[PDB]
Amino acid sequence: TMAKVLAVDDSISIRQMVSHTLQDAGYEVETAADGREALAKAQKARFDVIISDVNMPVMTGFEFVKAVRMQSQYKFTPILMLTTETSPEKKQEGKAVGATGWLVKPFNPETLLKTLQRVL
């Protein structure tokens, strides 16, 4: 079809980069600036994958994924979290609340594309 993506980051450049890169790759992309706006969008549709920054406004990315995992329709949905941390020990919180995998910032298009590809 064209996998449906919800990307959440308060950074304008991050949203534009993700949106442009994924859309050029055949994805249907929807962006949000914070956890509140993201949750509201996720609640109203059915995204195939969610990409979310850990340092989101309104709530941490951890609380966001946790709230997302609380909705039955998103129990198995792959979630990819953006972080500046390369150290696994530093974000065990991610696996705990239900994150599927990570994407370390700063990344590039190929990193983004391959990483997404590998969690679907």
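Each residue number is its position in the shown sequence, starting from 1.
The mean C-alpha temperature factor is higher for 38-46 when 38-46 and 76-84 are set side by side. Comparing 86-94 with 63-71, the higher mean C-alpha B-factor in the PDB entry belongs to 86-94.
In the deposited entry, the Cα temperature factor of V104 sits in the bottom third of values across the chain's modelled residues. For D53, the recorded CA B-factor ranks within the lowest third of the chain. Only modelled residues enter the ranking. In the PDB entry, a CA B factor belonging to the middle third of its chain's modelled residues is recorded for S19.
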